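Worksheet: the structure to be examined is printed underneath.
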Number of protein chains: 14
Amino acid sequence: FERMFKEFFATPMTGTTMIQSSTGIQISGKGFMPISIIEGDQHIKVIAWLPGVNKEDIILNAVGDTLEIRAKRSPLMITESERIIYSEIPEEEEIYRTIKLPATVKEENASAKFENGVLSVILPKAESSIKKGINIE
Amino acid sequence: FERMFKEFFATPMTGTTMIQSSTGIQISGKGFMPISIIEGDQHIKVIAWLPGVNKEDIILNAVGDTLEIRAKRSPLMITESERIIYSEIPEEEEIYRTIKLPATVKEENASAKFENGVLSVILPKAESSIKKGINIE
Amino acid sequence: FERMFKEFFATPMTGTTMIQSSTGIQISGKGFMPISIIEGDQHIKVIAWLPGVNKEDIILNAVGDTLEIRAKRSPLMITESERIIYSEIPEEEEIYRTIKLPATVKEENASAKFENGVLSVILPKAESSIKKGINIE
Amino acid sequence: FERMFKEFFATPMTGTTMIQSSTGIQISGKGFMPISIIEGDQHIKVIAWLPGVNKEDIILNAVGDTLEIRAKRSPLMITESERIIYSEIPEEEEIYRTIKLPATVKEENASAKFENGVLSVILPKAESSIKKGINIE
Amino acid sequence: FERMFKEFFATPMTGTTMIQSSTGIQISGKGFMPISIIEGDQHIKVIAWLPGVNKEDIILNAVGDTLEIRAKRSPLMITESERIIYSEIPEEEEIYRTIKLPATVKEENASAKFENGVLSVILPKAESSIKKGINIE
Amino acid sequence: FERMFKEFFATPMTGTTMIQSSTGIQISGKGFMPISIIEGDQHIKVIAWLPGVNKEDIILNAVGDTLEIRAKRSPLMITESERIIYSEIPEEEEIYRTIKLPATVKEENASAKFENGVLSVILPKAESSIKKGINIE
Amino acid sequence: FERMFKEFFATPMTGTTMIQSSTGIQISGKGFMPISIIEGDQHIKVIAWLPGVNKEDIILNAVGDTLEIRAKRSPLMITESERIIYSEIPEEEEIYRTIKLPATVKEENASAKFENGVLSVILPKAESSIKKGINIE
Amino acid sequence: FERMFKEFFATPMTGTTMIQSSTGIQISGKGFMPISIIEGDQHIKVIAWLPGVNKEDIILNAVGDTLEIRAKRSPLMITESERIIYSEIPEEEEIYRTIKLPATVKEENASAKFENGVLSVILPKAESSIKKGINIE
Amino acid sequence: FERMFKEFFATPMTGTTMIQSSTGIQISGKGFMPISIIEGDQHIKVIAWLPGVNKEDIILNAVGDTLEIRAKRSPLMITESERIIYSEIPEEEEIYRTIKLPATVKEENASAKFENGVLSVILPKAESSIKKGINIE
Amino acid sequence: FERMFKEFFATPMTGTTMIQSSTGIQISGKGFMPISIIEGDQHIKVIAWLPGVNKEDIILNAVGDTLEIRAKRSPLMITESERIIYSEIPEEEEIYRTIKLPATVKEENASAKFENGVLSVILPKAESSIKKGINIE
Amino acid sequence: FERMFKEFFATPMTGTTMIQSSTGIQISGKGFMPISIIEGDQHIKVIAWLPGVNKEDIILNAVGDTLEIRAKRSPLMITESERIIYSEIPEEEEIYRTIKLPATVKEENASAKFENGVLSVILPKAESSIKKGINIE
Amino acid sequence: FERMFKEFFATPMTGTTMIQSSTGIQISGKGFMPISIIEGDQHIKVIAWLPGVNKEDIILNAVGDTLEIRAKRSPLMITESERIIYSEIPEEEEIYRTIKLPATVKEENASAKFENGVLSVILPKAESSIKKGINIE
Amino acid sequence: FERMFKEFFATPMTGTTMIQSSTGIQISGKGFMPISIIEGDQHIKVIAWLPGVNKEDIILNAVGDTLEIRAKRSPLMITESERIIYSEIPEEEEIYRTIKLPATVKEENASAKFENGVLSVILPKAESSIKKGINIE
Amino acid sequence: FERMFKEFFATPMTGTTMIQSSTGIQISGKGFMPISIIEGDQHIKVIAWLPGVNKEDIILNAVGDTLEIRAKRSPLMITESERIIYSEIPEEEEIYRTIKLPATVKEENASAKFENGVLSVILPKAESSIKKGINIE
């Protein structure tokens with residue numbers, strides 16, 4: 001029966017809940033919010049796909065090594081004469097993600113941008129998390 | 001093994017190709033582009049999620065009862081010191097959808113909007129596709 | 001587990017959605033609306049079971065070879081002292097069917113009747129769809 | 001093979017026989033007759049879907065805690081030139097249900113209504129079945 | 001292996017024990033005794049197949065809503081020179097059925113007939129089990 | 001699913017068709033007619049259960065080593081107020097069996113009796129089929 | 001794995017709980033107490049195996065059509081030097097059975113005997129449960 | 001897949017609906033309401049776990065051998081800044097149980113107590129349900 | 001199918017044959033005779049459940065390390081008007097057990113008691129089987 | 001066999017042990033104690049269902065990010081004449097939960113309430129765990 | 001489970017019934033009677049193992065191409081003090097075989113011998129069954 | 001495939017090897033030799049089926065509690081014109097059984113008889129194996 | 001499911017019961033007591049792991065070729081404030097093993113030592129069990 | 001095949017490796033070392049079964065919330081004439097466990113005892129890990 005579901009390609013709606021994820025990072029939350037974490041030597045970049053989310057509806061909070069992205073996307077309004085005959089876009093309104101980063105960040109120096117429904121957050125690493133170089137001999 | 005994949009929640013990347021779909025409409029294409037089709041009495045509304053797509057990279061063409069949405073999203077640029085440690089965002093660049101609508105539209109009067117990565121296309125129905133009312137006695 | 005469900009006889013509610021049907025005709029829609037299509041030489045008869053639907057809540061529109069039946073049945077009102085201890089009647093309110101007929105009809109001459117919750121629609125065939133007789137020798 | 005049948009959505013015809021049902025009530029009979037039983041403090045409401053049943057063809061009898069609904073729906077008449085190319089409406093003519101209610105009713109005060117193919121029967125509970133209130137201290 | 005048994009058609013002997021049966025009625029007993037229960041408005045008819053049972057060996061007793069049919073069929077006598085090379089007729093001698101009727105009967109007015117090995121019992125319903133008619137408005 | 005059917009004990013109706021049977025004898029036919037064949041040194045006894053069959057409706061013909069039993073049992077007549085709520089008795093009217101005996105019989109000297117729905121046929125063996133005794137030394 | 005348990009023959013201990021039993025009678029209880037119910041025309045005999053139960057520890061109560069047998073068997077006392085190397089006798093102390101008889105009994109005239117660990121209870125049937133004889137014509 | 005659910009320990013929410021239960025008693029209802037029935041010689045004690053139910057929201061009614069417990073627990077109120085990150089407590093508001101007791105009770109003498117979310121109902125048995133003692137000889 | 005049998009709780013009859021048992025002891029025999037062997041330092045106690053066995057029908061013989069318990073329980077006598085409608089008590093008459101004890105016993109000093117259908121046999125151990133104590137240093 | 005257990009709805013007793021749980025929080029313990037954790041910006045609310053637990057038997061201790069709830073519920077006392085014929089309430093007495101919260105709390109300012117068997121604990125977050133706001137540009 | 005039976009080597013008893021056999025010959029019967037058929041140019045030799053059969057209890061009859069061997073072996077008599085602790089010898093008394101030979105025999109010239117429980121029957125072939133020689137060129 | 005072999009009834013040949021058997025006795029050997037062991041109070045009777053074995057070819061030796069039966073049956077001699085078209089009789093010549101009796105026998109007083117291919121051996125038990133009687137009080 | 005248990009490594013508790021063991025030796029008993037048997041030419045060494053067993057609680061008895069090790073380990077005492085959050089040590093108190101040695105020992109010359117919870121027993125072999133040397137030529 | 005291994009009871013050797021364990025604690029290591037962790041309000045007790053380990057071979061180190069138990073048990077020495085015929089005691093010499101405790105301990109105040117092969121370690125909790133009491137109102 002899983003193949004029958006794979007034939008439906010119903011992955012944005014039934015998929016992407018991400019109750020848990022374990023890859024050295026802890027990602028938890030509700031809804032559809034693809035995350036990309038790019039780790040640098042001095043900072044961490046978090047890319048979140050928030051399509052149809054207004055900038056004023058994004059609550060972006062961080063502390064230590066945890067980042068919380070809370071957003072609400074207003075559902076597709078339809079007139080009484082109109083009807084949704086086909087839809088793959090998830091209907092869930094309130095979507096959120098709690099990302100436990102592997103390094104401590106300086107949340108007072110973090111910055112974020114919202115373009116084309118793409119949230120890009122820059123989180124500078126704390127001095128206690130910046131790695132030193134082991135010379136090889 | 002399908003359950004093991006379901007436990008990964010890898011639905012945006014491995015999922016959403018939509019080679020074919022049959023619900024009275026024909027949707028074909030490549031990549032991740034959730035579509036919502038709202039049918040009215042005088043028009044059709046197509047909602048396409050194009051997160052991280054610039055407005056200048058959207059080619060929107062229609063004729064008769066077929067709509068083609070072609071878009072390219074530039075991949076996530078990373079500096080040499082930076083590395084993608086975790087990513088759920090599909091890497092595919094060129095994404096497109098061919099939607100065969102159930103009604104003929106007047107493409108000369110169609111309009112589209114691109115906000116928050118959401119493409120909303122208004123396609124007025126042709127007079128030959130506007131349904132009349134059968135009085136009930 | 002499918003046998004366990006068959007033992008419940010839960011077919012009006014869980015069943016009858018009819019996302020799609022392929023028998024030379026295309027039937028799509030939402031809800032419970034059994035359809036019977038009787039094809040004649042000069043017309044098409046569509047029998048729709050709309051139990052508990054008022055005549056004023058039936059929107060019957062047709063064009064070319066497509067028939068749309070939209071109806072809303074008010075749910076079973078219950079007083080606060082009353083409780084639904086057992087129910088097999090589907091709770092869905094808005095039910096609709098899009099029937100793609102195999103012949104073009106003259107929607108301007110169509111007629112419909114609503115008796116005992118049975119919608120009977122008469123759709124005269126267009127002259128371009130009336131078949132001629134091939135003499136056999 | 002049960003999934004193949006589920007893909008046919010053949011639930012009104014092959015389904016709904018209801019040879020037996022056990023939920024504190026006993027429902028037996030032949031044919032398609034969705035039942036909804038709403039239990040109040042002073043009465044019982046039985047909602048029966050009898051689409052295409054004429055009011056004169058409904059035999060409604062009750063005694064004690066048992067209700068019998070017997071009805072016959074004339075089949076879809078078709079002219080010799082006409083043919084049933086598609087049909088989901090059950091062909092069975094004589095349909096009946098024997099409902100064993102959980103409370104004794106006063107059948108001499110019962111009433112029934114038949115609107116839009118919906119049989120609504122009001123069965124007042126007998127004084128021996130009206131429950132008293134246990135004060136909580 | 002059940003198919004192998006189905007290929008033997010060994011249903012009169014291995015089959016028909018009827019330890020229990022639940023269809024709003026309770027039928028219990030031992031042996032082969034097909035029962036048919038026809039329910040009328042004023043009486044109940046019980047048809048029992050007692051092939052090779054003599055009328056003097058039938059014990060027919062009833063009370064309230066329970067009917068007991070006890071019968072013994074003498075086995076097929078065979079001379080010492082004769083041998084049963086093939087036989088599908090059940091060898092069990094003492095056969096009985098306890099039928100719990102759904103209505104109370106007046107056993108003092110019951111009658112029975114035994115023709116061609118067919119026991120037909122007429123059980124008039126008690127006044128407390130005769131259903132009244134609910135007028136429909 | 002075969003166990004589910006075994007739990008129904010539906011053996012007289014669904015069972016007993018006996019399309020074929022191979023035990024040195026060939027039994028073919030339609031319907032429910034349990035056969036018992038007792039072979040003697042000078043004759044063959046055929047016991048057929050024809051419950052509810054009238055003696056005038058039994059056509060008993062034989063030749064060589066083949067016996068044909070054709071019978072029709074009138075179905076259970078029910079008044080319009082009466083209804084068959086439960087029935088295990090097969091509804092098939094015309095029942096017949098073709099029994100290929102292992103020995104040639106003298107059909108001109110055969111006799112049959114019909115008591116309690118039990119057909120007992122005596123078929124004297126032909127002189128060419130009477131076995132002689134091999135003395136043992 | 002059920003065969004492995006069958007190979008252990010662990011039926012007195014793991015078996016015989018009898019949470020429920022449905023054969024026209026309702027038997028419920030806890031522990032090992034084989035029951036045999038013999039039904040006569042004027043009485044019911046209940047045979048209960050209470051091995052190692054003293055007569056003073058049997059509580060035998062009945063009313064209407066329900067019989068309750070409550071008994072406690074003192075466990076096998078063992079001296080400190082002794083040890084149970086092998087045992088198939090159930091260790092449960094308090095054993096009880098609630099038997100719902102199919103006929104109403106006159107509990108004021110019931111009698112019971114306890115010999116060799118066998119409880120034999122005689123329950124005279126009530127006049128309302130004594131069946132009359134239907135003459136056959 | 002059932003083991004995967006067992007690993008979630010999701011038993012209060014997905015579990016405890018109790019559509020039906022058969023142990024000589026009939027328990028029906030909706031929601032989570034663990035029941036304990038203690039049967040005495042003169043009364044029946046019903047223990048119902050109604051955690052977070054106020055005493056004024058418990059409707060306790062009984063008659064004959066049936067007890068109905070209807071209760072509504074207000075859901076967990078959360079401020080807009082607060083969010084339910086984890087929850088095992090069932091969200092269902094209206095919970096009810098219909099318990100068919102095995103003995104008739106005197107509902108006019110019943111009493112109930114509500115402490116620590118534990119409903120303890122005392123139901124004295126009717127004189128017709130008090131069992132007598134069968135002397136053993 | 002083993003679960004279906006487990007649901008019948010048919011363990012006293014179908015179970016308890018004990019063709020063989022291997023736990024350092026050899027128990028063989030026919031019928032239902034639960035055995036408990038308690039081993040002491042100076043003797044062996046054998047507890048045998050012989051419900052409904054008269055003391056005069058028990059043949060108790062032993063030699064060396066083997067004990068034979070042979071008993072016959074007269075079956076449940078039933079009058080012609082009475083019938084066994086339900087029975088869990090094994091019908092087997094002659095029951096026996098051959099127990100190979102792990103120690104040699106002095107059969108000339110053995111004793112047995114028969115109370116409440118419980119056979120308790122005391123078998124003093126032979127001097128060659130009494131174990132000595134190994135001092136630990 | 002898991003479906004057979006699901007049909008028993010035995011979830012409060014066999015279920016709810018919660019040996020472990022991983023959702024960014026660690027919940028460990030013994031017994032039935034549904035937990036709901038509501039996370040705010042300045043505090044954490046823990047809702048624990050302790051039905052039939054007295055307030056004096058609740059030991060509530062916390063430190064850092066770990067909360068321990070230890071409680072003992074006295075079992076259902078039953079008189080010797082009374083017996084538990086049916087019970088779904090878990091018999092376990094000592095129940096406890098160790099909840100590892102995702103944020104550090106100020107245990108010196110925590111408060112708890114116990115109403116209707118519902119433990120509501122308010123745990124103010126430590127200043128080191130209060131998240132700051134990342135302005136979006 | 002078939003391997004478990006193969007491990008018992010229970011082939012003389014459970015095996016050797018030979019309901020049917022098809023190898024150009026037809027062998028039918030009841031019981032254990034190993035047959036060996038040796039075909040010559042002028043006769044047929046039938047070897048039947050009738051261990052413990054007395055010569056006076058063998059009925060040997062033949063005609064045409066069919067041979068019937070009927071025999072009864074008296075069961076193993078045991079004194080009351082003696083008991084069958086182990087037995088592999090089939091207990092069935094009356095054993096018989098009907099062998100349809102491939103050639104017609106002259107039963108008037110047949111002979112048989114009974115030594116060591118071995119029945120050796122000599123059946124001369126009829127002139128109509130003696131094959132001629134086709135010269136090869 | 002085991003059923004296919006069961007359909008062949010090839011049990012005398014492929015079956016009856018008896019490599020081992022464990023029922024408190026040890027039976028080992030080669031070939032087909034059904035054994036029946038009847039144990040008395042003073043002796044043991046061994047019944048061995050040696051069909052087609054001459055008395056001079058039986059080697060019968062015993063000691064202590066072990067009995068060895070060695071026999072050779074000459075194969076079925078066939079003339080060159082004759083051929084074995086069908087045979088169920090095992091072809092193995094040398095057959096033997098080693099039976100470990102459960103009691104020591106006095107081999108100097110044993111006797112044997114050979115009639116109809118049935119070897120009956122009488123083995124008197126040794127005084128050390130004759131069991132004494134444990135009086136029951 | 002066995003793999004799930006293997007993943008728990010629950011072998012000291014659920015494992016090590018050793019109901020039986022067959023390797024030319026017979027080991028029986030209850031509890032966790034790993035045994036090592038080292039066989040020499042003149043003696044047998046038995047190594048038993050009795051961790052947490054006091055020397056005064058070990059009962060070591062032997063005779064012939066059987067050794068019995070009986071020991072009781074007091075459970076882990078815990079103060080009321082303390083709780084067992086994790087434990088792999090078996091809770092069973094009374095543990096015992098019956099080891100049937102392959103050689104007869106002189107129990108009067110046996111010795112045992114108890115160090116670090118390791119019981120080492122020296123059992124000199126009896127002269128009747130000391131093997132001689134077969135010279136090879 | 002896992003059942004075959006379960007029948008061997010090979011749990012001390014093949015089992016108890018404990019590569020990992022997750023119950024809020026992390027236990028890692030090599031070999032057989034059953035651990036019991038008892039958590040108090042002021043300390044943690046670790047019980048380790050080190051049978052046959054000398055006190056001088058135990059390396060017990062702790063820091064923060066991690067405890068390391070390293071031990072080596074000398075293998076069972078055997079003389080050249082002696083041979084290990086049977087052994088269940090694990091042969092592994094070097095055994096170790098790393099236990100990550102849930103609370104920080106004051107390793108400078110820890111103490112340990114080694115009696116009967118039982119290592120009992122007392123680890124006082126650090127002041128930062130001692131939980132305070134939340135008053136309930």
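As a basis for the values below, the full set of heavy atoms in this structure was taken, side chains included, without hydrogen atoms, waters or symmetry mates. Throughout, a chain's letter reflects where its sequence line sits, starting with A, and its residues are numbered from 1.
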message: Walk me through whether F:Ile78 and F:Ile84 qualify under side-chain contact (heavy atoms from CB on, under 4.5 Å).
response: CA-CA 8 Å; F:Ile78 69 171; F:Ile84 322 174; 4.0 Å; yes
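- Partners of D:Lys113 under the salt bridge (charged side-chain N to carboxylate O under 4.0 Å, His left out) rule, at least two apart in sequence or in another chain, do not exist in this structure.
- Separating the CD atom in E:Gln42 from the OG1 atom in F:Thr79 is a distance of 12.5 Å, to the nearest 0.5 Å.
- The side chain to side chain donor-acceptor pair (under 3.5 Å) contacts involving residues 115-127 of chain D comprise D:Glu39-D:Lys125, where partners must be two or more places apart or lie in separate chains.
- Atom CD1 of C:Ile99 and atom CD1 of C:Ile35 lie 4.5 Å apart (nearest 0.5 Å).
- Atoms CD1 and OG, from F:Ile85 and E:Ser36 in turn, are 11.0 Å apart once rounded to the nearest 0.5 Å.
- Within the 4.5 Å cutoff, side-chain heavy atoms of E:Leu123 are placed close to those of E:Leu67.
- Taking the six-membered ring where the residue is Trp, D:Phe32 and C:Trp49 present tilted rings, their angle falling between 30° and 60°.
- Every side-chain hydrogen bond (donor to acceptor under 3.5 Å, both in side chains) that F:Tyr86 has, sequence neighbours left out, goes to E:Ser21, F:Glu88.
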Side-chain donor/acceptor pairs under 3.5 Å, residues 129-137 of chain E, sequence neighbours excluded:
{"residue": "E:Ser129", "atom": "OG", "partner": "E:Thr104", "partner atom": "N", "Å": "3.1"}
{"residue": "E:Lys131", "atom": "NZ", "partner": "D:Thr66", "partner atom": "OG1", "Å": "3.3"}
{"residue": "E:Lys132", "atom": "NZ", "partner": "E:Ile130", "partner atom": "O", "Å": "2.7"}

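- Within the 4.5 Å cutoff, side-chain heavy atoms of E:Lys45 are placed close to those of E:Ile122.
- Applying the side-chain hydrogen bond (donor to acceptor under 3.5 Å, both in side chains) criterion to D:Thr16, with sequence neighbours excluded, gives no partner residue.
- Using modelled atom types, one side-chain atom of D:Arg73 and one backbone atom of D:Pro51 make a donor-acceptor pair closer than 3.5 Å.
- D:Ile59 and D:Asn61 make their closest contact through CG2-ND2, 3.4 Å (heavy atoms, listed as atom of the first residue, atom of the second, distance).
- Between the side chain of C:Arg97 and the backbone N or O of C:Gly31, at least one donor-acceptor pair lies under 3.5 Å.
- Residues satisfying the salt bridge (charged side-chain N to carboxylate O under 4.0 Å, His left out) test with C:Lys6, not counting sequence neighbours, are none.
- Taking 4.5 Å as the limit, every side-chain heavy atom of E:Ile47 sits out of range of all side-chain heavy atoms of E:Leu119.
- In this structure D:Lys72 satisfies the side-chain hydrogen bond (donor to acceptor under 3.5 Å, both in side chains) test together with D:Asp57, sequence neighbours excluded.
- Between C:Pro34 and D:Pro12, the closest heavy-atom pair is CG-CG, 4.4 Å.
- Atom OG of D:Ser87 sits about 6.5 Å away from atom CD1 of C:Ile38, to the nearest 0.5 Å.
- With C:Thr11 contributing its side chain and D:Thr11 its backbone, the two residues share a donor-acceptor pair below 3.5 Å.
- The two residues C:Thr14 and C:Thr17 come nearest to each other via the heavy atoms O-CG2, 4.3 Å.
- From E:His43, atom NE2 reaches atom CD of F:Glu82 across 3.5 Å, with rounding to the nearest 0.5 Å.
- For F:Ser74, there are no side-chain contact (heavy atoms from CB on, under 4.5 Å) partners, not counting sequence neighbours.
- Nearest approach of G:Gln20 to G:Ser28, heavy atoms of both residues: NE2-CB, 3.3 Å.
- The neighbour count for D:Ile19 CD1, taken as heavy atoms of other residues, nucleotides or ligands under 6.0 Å away, does not exceed 12.
- Within the model, atoms CD1 of D:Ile69 and CG of D:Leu60 stand 5.5 Å from one another, a figure rounded to the nearest 0.5 Å.
- For C:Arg83, the salt bridge (charged side-chain N to carboxylate O under 4.0 Å, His left out) criterion is met by D:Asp41, H:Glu68, not counting sequence neighbours.
- For G:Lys100, the salt bridge (charged side-chain N to carboxylate O under 4.0 Å, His left out) partners two or more places apart in sequence, or in a different chain, are G:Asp65.
- Using a 4.5 Å heavy-atom cutoff, the side chains of F:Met13 and F:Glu91 are in contact.
- Taking the side-chain contact (heavy atoms from CB on, under 4.5 Å) definition, one finds that G:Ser128 meets it with G:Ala126, sequence neighbours left out.
- Under the side-chain contact (heavy atoms from CB on, under 4.5 Å) criterion, F:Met4 pairs with C:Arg3, C:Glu7, F:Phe8, not counting sequence neighbours.
- A heavy-atom distance below 4.5 Å is found between the side chains of D:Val53 and D:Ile58.
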